[PDB]
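Read the structure below first, then the notes.
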Amino acid sequence: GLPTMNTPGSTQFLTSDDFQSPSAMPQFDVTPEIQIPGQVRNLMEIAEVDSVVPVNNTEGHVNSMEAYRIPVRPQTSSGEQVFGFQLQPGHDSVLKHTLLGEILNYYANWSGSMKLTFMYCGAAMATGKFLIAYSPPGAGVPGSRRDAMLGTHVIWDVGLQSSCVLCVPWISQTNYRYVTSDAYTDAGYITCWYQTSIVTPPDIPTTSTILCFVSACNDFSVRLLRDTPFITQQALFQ
Amino acid sequence: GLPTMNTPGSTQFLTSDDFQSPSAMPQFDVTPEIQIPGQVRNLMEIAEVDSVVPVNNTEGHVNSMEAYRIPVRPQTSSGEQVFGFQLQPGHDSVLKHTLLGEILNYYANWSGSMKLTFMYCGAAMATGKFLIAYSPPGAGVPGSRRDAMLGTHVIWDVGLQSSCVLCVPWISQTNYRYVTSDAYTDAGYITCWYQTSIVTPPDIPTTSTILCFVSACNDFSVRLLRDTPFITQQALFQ
Amino acid sequence: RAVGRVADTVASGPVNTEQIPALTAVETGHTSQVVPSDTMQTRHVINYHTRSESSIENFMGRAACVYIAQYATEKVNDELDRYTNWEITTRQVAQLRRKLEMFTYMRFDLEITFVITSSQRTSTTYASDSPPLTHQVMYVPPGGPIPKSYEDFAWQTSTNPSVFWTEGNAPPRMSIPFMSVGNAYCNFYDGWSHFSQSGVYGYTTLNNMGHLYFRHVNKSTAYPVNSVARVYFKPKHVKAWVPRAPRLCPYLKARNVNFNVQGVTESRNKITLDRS
Amino acid sequence: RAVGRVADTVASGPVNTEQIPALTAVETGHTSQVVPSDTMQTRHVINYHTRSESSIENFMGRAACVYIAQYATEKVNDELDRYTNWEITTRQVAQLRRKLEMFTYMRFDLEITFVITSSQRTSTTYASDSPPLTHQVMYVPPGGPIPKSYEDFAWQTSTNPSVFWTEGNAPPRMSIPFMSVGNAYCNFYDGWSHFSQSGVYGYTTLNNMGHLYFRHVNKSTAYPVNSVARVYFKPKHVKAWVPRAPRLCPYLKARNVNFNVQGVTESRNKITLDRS
Amino acid sequence: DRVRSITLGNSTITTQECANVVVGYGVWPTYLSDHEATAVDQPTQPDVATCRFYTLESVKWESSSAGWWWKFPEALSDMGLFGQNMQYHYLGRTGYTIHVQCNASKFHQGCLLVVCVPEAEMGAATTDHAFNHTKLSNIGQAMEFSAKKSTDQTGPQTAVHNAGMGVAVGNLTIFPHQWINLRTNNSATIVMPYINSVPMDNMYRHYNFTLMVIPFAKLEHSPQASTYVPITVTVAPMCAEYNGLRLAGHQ
Amino acid sequence: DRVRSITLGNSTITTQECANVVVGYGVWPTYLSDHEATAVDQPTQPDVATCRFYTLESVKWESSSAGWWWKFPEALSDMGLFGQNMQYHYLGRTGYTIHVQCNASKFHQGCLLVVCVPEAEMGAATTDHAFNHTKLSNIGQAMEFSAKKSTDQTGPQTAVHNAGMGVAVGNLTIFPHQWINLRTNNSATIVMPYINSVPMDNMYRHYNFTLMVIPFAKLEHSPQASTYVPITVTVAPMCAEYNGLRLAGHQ
Amino acid sequence: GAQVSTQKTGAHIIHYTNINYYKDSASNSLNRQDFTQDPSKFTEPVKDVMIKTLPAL
Amino acid sequence: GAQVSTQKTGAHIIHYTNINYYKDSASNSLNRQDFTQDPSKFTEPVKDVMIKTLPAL
Ligand SMILES: CCCCCCCCCCCCC/C=C/[C@H](O)[C@H](N)CO
Ligand SMILES: CCCCCCCCCCCCC/C=C/[C@H](O)[C@H](N)CO
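Chains as they are written, first to last, in the entry's author numbering: chain C, 1 to 238; chain C', 1 to 238; chain A, 9 to 284; chain A', 9 to 284; chain B, 11 to 261; chain B', 11 to 261; chain D, 2 to 13, 24 to 68; chain D', 2 to 13, 24 to 68. A prime marks a further copy of an entry chain.
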């Protein structure tokens with residue numbers, strides 16, 4: 001026949017191969033596809049949708065809807081902290097079971113900017129200002145509102161538009177950060193502070209609620225598929 | 001030689017393969033083919049031929065020609081039922097040994113409309129009207145001629161043309177039903193009722209005979225070849 | 009519209025006509041060509057279904073086991089001899105026989121594939137070390153010298169087609185052309201072999217395809233080894249004529265169409281349906 | 009710019025405008041399209057990153073083990089019988105099940121690969137000499153005759169697709185087309201099998217894919233040998249619709265979506281950060 | 011229409027209630043072509059002395075009649091010069107015009123399937139036993155089915171619902187067929203071409219096709235009507251030719 | 011703007027504080043095309059007697075309310091001629107205009123997620139046990155979630171933070187949704203197309219989508235304000251068509 | 002001598028190449044893609060044509 | 002019937028050849044190089060268009 005020679009790698013099963021193989025059902029007439037709405041061609045279409053973040057996840061609050069409810073109230077003095085978490089969108093406990101966080105745990109590398117949206121769910125007669133800040137990871141955590149005003153931040157005025165977007169920019173020295181966290185690719189901190197206060201008229205409840213949403217920007221990308229460390233089994237499901 | 005590499009699936013016998021293989025008789029002179037009449041290029045040419053249905057198959061009647069003879073007679077009141085069976089052309093006992101039913105048991109999926117032809121084999125002096133109805137499978141079996149007049153039906157006037165065709169349409173939510181029956185792909189019911197009566201002159205026998213024929217329409221198709229559950233053997237035939 | 013694609017149904021409205029497509033005559037031998045558009049109101053459906061799986065080449069072109077041949081490296085009797093044979097036929101297994109007997113005359117090329125497997129015979133000891141076994145499947149055309157034993161001269165296969173195969177590799181496979189002395193293979197023959205209407209009745213007189221002899225070409229083993237060779241026929245380039253009725257009754261023999269009398273279908277208790 | 013490449017960010021300077029890109033309304037169901045160029049001063053970055061790994065074909069196109077089938081050359085009971093079977097499903101393993109259940113309806117072709125391995129059963133002796141084992145993996149479509157035992161006629165596989173494989177070679181592999189009677193595979197079915205809203209609730213009524221029967225085609229061994237066959241599904245030519253929320257809770261059964269109630273995420277001690 | 015006239019040789023068939031003509035597999039009988047022949051000697055073609063109508067004996071149709079079969083060309087072994095040409099020749103080849111006729115009344119009822127089955131190879135009644143050829147078919151006698159099974163030690167299995175072939179009798183409507191429904195139909199005519207896997211054949215050791223006549227709806231009438239209805243079969247060869255002239259056979 | 015008027019049939023919805031309209035997956039409902047149909051019979055399309063607004067019963071929103079769900083088309087099984095056409099037909103196909111409405115005040119506070127989940131297949135509260143269909147959804151009754159887990163022996167798992175599906179409730183914002191924030195929003199309207207893997211389906215054995223209404227920020231107000239706020243759901247079918255006329259079902 | 006033909010695909024990179032290796036046509040693969048048919052030999056084998064709308068007798 | 006396509010390379024001898032061997036399109040390899048997407052079915056599925064700079068209400 002044609003003189004051939006076998007290279008290393010013959011008669012192996014590499015599970016991420018791409019080879020042709022013969023059909024067990026030859027000339028099988030496949031049914032025609034129709035227009036079903038909501039077709040997905042990329043997992044980055046899923047990750048660019050808002051998903052509400054459980055910032056209030058101090059247990060026991062994770063076993064109820066109290067995990068999503070960031071509480072605010074009128075203050076006695078200004079500049080106190082509302083919440084704060086590390087910006088680890090695949091490793092931090094606040095962000096790793098969100099809809100953006102669950103896609104990133106299938107991957108080992110992530111890159112791009114993110115959008116933190118906030119939503120004031122108090123009464124329409126209550127006003128307020130807030131400062132939401134992002135800190136690059138070099139100096140440590142901000143300790144006050146003076147420490148937080150030096151980084152990327154936005155002052156949000158609660159009014160007729162109930163929502164504000166803090167855009168977390170990609171400020172990194174590498175083109176990719178790791179999903180499981182390490183010290184080389186640390187991304188920094190997100191904190192929120194009282195810019196002024198909550199000022200209400202009489203006959204209004206004290207504590208209000210803020211909802212935090214996460215999504216990816218249009219320069220977001222993922223890399224290096226892996227298994228997720230979220231689902232486990234000790235035996236086959238019968 | 002030419003550097004090669006072996007993919008998974010080398011040195012296997014997949015019985016539905018399609019590969020070339022060398023000849024044991026090289027340059028064998030095959031005898032010339034001639035025109036033999038009745039050439040078959042498709043099993044759907046066989047399934048589109050009428051084949052008389054054993055509707056009267058209540059044993060002991062299957063061991064005689066009484067299985068094909070649907071009996072009718074003059075009635076005391078009208079609107080009674082003549083016969084009825086489920087429309088399972090590969091699983092129902094009435095239709096699975098007919099000529100259309102035997103081809104479908106080689107396959108797992110079927111699709112298309114069917115033709116039920118009826119043939120009045122009584123005397124030429126006897127008249128009669130009949131209602132033959134098809135019911136989609138949602139509500140259950142029709143309980144009367146009032147229940148059967150709401151679905152797809154035809155009123156047959158017995159006259160000089162002895163035959164009528166009830167066309168069973170393909171009213172399904174899937175493009176294919178299963179040959180072995182299940183509840184997801186149920187196809188419905190076929191029933192027949194006295195529209196009026198059998199009216200005869202004197203000196204004529206009471207009981208007459210109706211023959212039912214099944215065939216496939218020109219939009220009929222089958223899919224997913226399998227072994228038929230009709231022939232068995234415990235040893236090799238010696 | 010492509011070849012092999014089923015027909016669309018056309019949109020039909022209400023009718024009040026002197027035309028009668030529903031009324032016909034079965035007595036004419038004619039199967040009525042009634043469409044659902046003729047007896048009820050339909051919509052326009054573009055049917056994309058195809059009759060691919062129902063072709064004679066696709067219905068027949070799957071390999072089916074036709075014989076299980078047994079032979080050993082040590083003779084017990086002449087059924088477990090050193091060698092064995094098989095008269096080539098398609099009637100010993102029931103799955104392929106029922107598929108071929110849906111037609112009266114066929115004309116096809118063949119693919120024969122062997123799945124040969126060995127097993128160590130039951131003994132008081134098995135601890136040995138044997139070289140890999142090699143088998144021979146010699147075809148003998150009708151009228152040739154057959155092996156009368158092991159160590160025979162007829163296994164020299166100077167003009168008979170042979171194949172050799174060591175255990176461990178891919179299964180052996182060769183192609184066979186259309187081999188009948190007529191113009192088609194006869195699945196059925198309603199007649200006799202002698203002109204006086206005597207001798208052998210049936211299709212057995214039209215099946216002279218020869219024998220297929222099996223052996224181990226290894227001379228000996230330390231402990232005896234039983235082999236089994238399965239023969240797989242896949243028909244290709246298939247033509248077929250005069251479609252038969254499918255068989256109701258199971259088979260009894262390989263050289264006959266003899267049967268036991270059975271009912272036409274399975275039963276039920278009454279002829280109606282009785283719910284709401 | 010090529011298809012699949014992410015967007016560049018544009019250079020933005022200071023603003024004092026009546027435009028408010030930061031302020032929006034979540035109540036509209038709308039995800040805001042805010043770029044970092046809108047809320048801060050940026051530079052011009054030419055981003056060359058690509059969304060290659062995140063495609064539905066690349067996310068799904070890796071082979072995952074879906075079943076572990078066990079069978080022996082000598083029966084212990086009907087769980088370690090001569091033969092075994094498996095109803096074809098994707099829900100017994102958890103890694104592939106969580107990936108498929110991110111979508112409601114899918115439509116793909118398959119690659120099935122078997123990693124069959126044998127092992128000698130624990131005995132008082134092992135010193136034997138056996139020929140190489142050959143296995144059969146016969147697919148039975150829904151409603152066909154199943155093997156009721158070893159030595160069965162149904163293993164003649166005249167119309168069922170079979171594969172044969174001797175130990176030592178490359179793993180066997182075949183391709184499967186899209187097999188649903190609908191227009192997509194349903195990962196979820198919110199309904200029942202009977203019209204009276206009773207019977208079986210869930211996706212089990214929409215999964216009629218048939219069985220997969222395994223055996224040793226060798227007749228016997230000197231000492232019994234246990235085999236294990238791993239089934240690997242790789243979906244190719246994948247379409248997907250209606251993206252689902254990922255599952256929080258682990259699975260309990262294969263025919264249900266039943267779960268135990270768990271918290272939405274893992275906890276921490278307080279809602280702030282407290283260093284400098 | 012219902013009228014039809016078939017003229018072959020010096021014989022004519024007239025019918026006033028004809029259903030139609032079924033022509034084989036859509037093929038009219040004809041002589042063998044030059045690019046399909048095997049034998050080299052010149053054939054003989056007696057055009058009108060052989061391709062004429064030959065009527066057989068009638069069979070009495072009763073209520074308890076299961077059916078009858080005729081095997082061809084052995085059914086016409088003694089019918090004139092068609093039978094004399096079979097004896098003197100090794101090979102022969104012909105198509106047929108089968109005409110089955112049965113009239114009763116407008117006060118009778120019944121239905122007969124009339125099939126022409128090519129290679130209707132029949133099983134044995136008592137198995138593990140070969141049967142005699144005179145039980146399969148005599149020279150012109152109608153061999154008849156039975157309502158129950160046969161225990162003949164040297165005969166075919168004549169249970170009619172299995173049709174002697176181990177198949178369902180309802181599935182015989184793929185072979186070229188008509189129906190004689192007494193309500194509407196008087197006769198039934200089938201034109202068969204030559205069906206074989208060889209271009210010519212021996213007309214003694216081979217039954218090329220079998221004509222079956224089977225009551226699906228049985229004959230019933232008033233006792234004061236005519237209690238005797240016969241079923242006559244009239245068969246005409248078509249384009250019959252022969253080869254291999256030697257002495258008179260047929261052993 | 012905040013004003014919107016939706017007119018379908020003989021019914022009109024007016025809203026003075028509208029957020030927007032969410033349209034499905036970007037698809038407007040329409041009738042089935044000829045190149046996608048499977049059934050061959052002519053469909054029936056009652057354009058205004060079925061594609062009109064049908065309002066359900068209000069549910070009382072409290073501080074300790076976990077949420078409610080409705081399963082469709084079984085939620086409108088008795089709503090006029092939409093319910094009469096489900097009983098008489100085997101197949102049906104429709105898209106919807108869901109309109110949820112809840113006003114409180116400028117002195118109340120709360121927020122409701124309004125999701126439309128296609129194939130919201132629910133698990134069982136007590137596992138290794140199949141549940142009853144009347145616990146999944148009654149005919150128009152609002153089936154309601156719970157704050158803690160359910161130990162019902164024949165019911166779904168109604169813990170709201172798992173949403174009955176074993177997922178995180180925060181991730182439901184990929185399904186077509188709006189929010190009713192009482193600070194700014196009065197109502198919420200979602201237009202759903204037909205989502206299925208088959209072109210038509212049976213409207214009894216299959217819940218095509220489930221409408222969930224979940225308080226993310228709970229209702230709280232002064233005790234001297236109105237302590238009763240209801241939540242009304244008004245649903246209009248869109249481009250509804252049917253096939254397979256037979257007797258009235260639905261077993 | 003390469004025959005490029007159309008692959009079996011569905012309905013709503025689609026071609027394959029074949030080289031013949033052997034000198035006998037019986038050595039070739041199966042003719043899978045031949046779907047021609049004409050069922051009028053069996054379903055309507057009558058001498059005079061029978062139009063559907065007209066009466067059969 | 003050879004389809005020469007572009008290989009997956011980085012950014013700052025780049026082609027591969029493919030022959031189809033089988034007669035079924037389900038026998039083909041994976042479509043790795045198809046990166047088309049449109050996320051507006053999910054992120055912005057509202058009826059009236061919402062410009063970023065303008066107020067949402
Ligand atoms: C060791 C080399 C083995 C070579 C094998 C050659 C054997 C094949 C030659 C004869 C082929 C006969 C094909 C059989 C056809 C059936 O009998 C017909 N369907 C019935 O007439
Ligand atoms: C011995 C030869 C073995 C041949 C193997 C054939 C088995 C494959 C045929 C059925 C393929 C079913 C594919 C399954 C799809 C999933 O169930 C869907 N994601 C859920 O509906």
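Cβ coordinates follow ideal geometry from the N, Cα and C atoms, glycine included.
Checklist entry - Are any of the Cβ atoms in chain A nearer than 9 Å to that of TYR32 of chain D? => result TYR32 of chain D does not count as touching chain A.
Checklist entry - Along chain C', which residues have their Cβ under 7 Å away from the Cβ of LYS52 of chain D? => result In chain order: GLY38.
Checklist entry - Which residues, in chain order, does the region 232-261 of chain A contribute to contact with chain C' at a C-beta distance below 9 Å? => result The residues in question are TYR240, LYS242, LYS244, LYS247, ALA248, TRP249, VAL250, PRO251, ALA253, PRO254, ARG255, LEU256, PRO258, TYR259, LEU260 and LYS261.
Checklist entry - Is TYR193 of chain A' near ligand 2, with its Cβ less than 8 Å from a heavy atom? => result Yes, Cβ of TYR193 of chain A' sits closer than 8 Å to a heavy atom of ligand 2.
Checklist entry - Since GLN86 of chain C contacts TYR184 of chain C with CB under 8 Å, what's their CB separation in whole angstroms? => result That belief does not hold up - the Cβ atoms of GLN86 of chain C and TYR184 of chain C are roughly 15 Å apart, past 8 Å.
Checklist entry - Quick one: Cα of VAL84 of chain A' to Cα of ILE76 of chain A', how far? => result Taking the straight line joining both Cα atoms gives about 18 Å.
Checklist entry - If you measure from the CB of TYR147 of chain A', is any heavy atom of ligand 2 nearer than 8 Å? => result The beta carbon of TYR147 of chain A' sits closer than 8 Å to at least one heavy atom of ligand 2.
Next on the checklist: Since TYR68 of chain C and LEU211 of chain C should fall inside the 8 Å C-beta cutoff, what is the C-beta to C-beta distance between them, to a whole number of angstroms?
Outcome noted: Right, the Cβ-Cβ distance comes to about 6 Å (below 8 Å), so this counts as a contact.
Next on the checklist: Applying the 10 Å Cβ sphere with the 16-neighbour rule, what's the burial state of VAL222 of chain C?
Outcome noted: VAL222 of chain C counts as buried, since no fewer than 16 other beta carbons sit within 10 angstroms of its beta carbon.
Checklist entry - Comparing alpha-carbon positions, which option in B':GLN97, B':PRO186, B':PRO247 and B':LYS70 lies nearest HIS38 of chain A'? => result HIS38 of chain A' has its Cα closest to that of B':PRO186, out of B':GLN97, B':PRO186, B':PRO247 and B':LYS70.
Checklist entry - Over what stretch of residues does the alpha helix (DSSP H) that includes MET44 of chain C continue unbroken? => result Element bounds for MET44 of chain C: 44-47.
Item to check | Partner residues on chain B' for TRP170 of chain C', Cβ-Cβ distance less than 8 Å | outcome: Near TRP170 of chain C' (Cβ distances below 8 Å), the residues of chain B' are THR48, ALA49 and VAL50.
Item to check | Cβ-Cβ distance between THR183 of chain B' and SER162 of chain C below 9 Å | outcome: Going by C-beta atoms, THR183 of chain B' is not nearer than 9 Å to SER162 of chain C.
Checklist entry - Starting from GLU119 of chain A and walking both ways along the beta strand (DSSP E), at which residues does that stretch end? => result For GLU119 of chain A, the uninterrupted beta strand (DSSP E) run begins and ends at 111-128, by DSSP.
Item to check | Interfacial residues, the region 177-191 of chain A to chain B', with Cβ spacing under 8 Å | outcome: Taking a C-beta cut-off of 8 Å against chain B', none of the residues of the region 177-191 of chain A qualify.
Item to check | Interface partners of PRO32 of chain C on chain D, CB under 9 Å | outcome: Listed along the chain, the chain D residues whose CB falls inside 9 Å of the CB of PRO32 of chain C are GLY11, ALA12 and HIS13.
Checklist entry - Do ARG223 of chain A' and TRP163 of chain A' have their C-beta atoms closer together than 9 Å? => result Yes. Within cutoff.
Checklist entry - Can we count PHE237 of chain C' as close to ligand 1, meaning its CB is less than 8 Å from some heavy atom? => result Not under cutoff, so the answer is no.
Checklist entry - Within this structure, are the beta carbons of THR127 of chain C and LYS242 of chain A' separated by less than 9 Å? => result Result no, Cβ atoms of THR127 of chain C and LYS242 of chain A' do not sit closer than 9 Å.
Next on the checklist: Buried or exposed for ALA235 of chain B, going by 16 or more other Cβ atoms inside 10 Å?
Outcome noted: Under the 10 Å beta carbon count, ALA235 of chain B is surrounded by fewer than 16 other beta carbons and is classified as exposed.
Checklist entry - Over what stretch of residues does the beta strand (DSSP E) that includes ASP198 of chain A continue unbroken? => result Segment: none, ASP198 of chain A is in no beta strand (DSSP E) and carries neither H nor E.
Checklist entry - Got a sec, what are the start and stop residues for the beta strand (DSSP E) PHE219 of chain B sits in? => result Taken as a continuous stretch (DSSP letters only), the beta strand (DSSP E) holding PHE219 of chain B covers 219-230.
Checklist entry - From which residue to which residue does the alpha helix (DSSP H) around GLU95 of chain A' run? => result Element bounds for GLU95 of chain A': not the alpha helix (DSSP H) but the beta strand (DSSP E), 91-95.
Item to check | Proximity of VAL53 of chain C' and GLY180 of chain B at Cβ, strictly below 9 Å | outcome: Yes; because the gap between Cβ atoms is below 9 Å, this pair is in contact.
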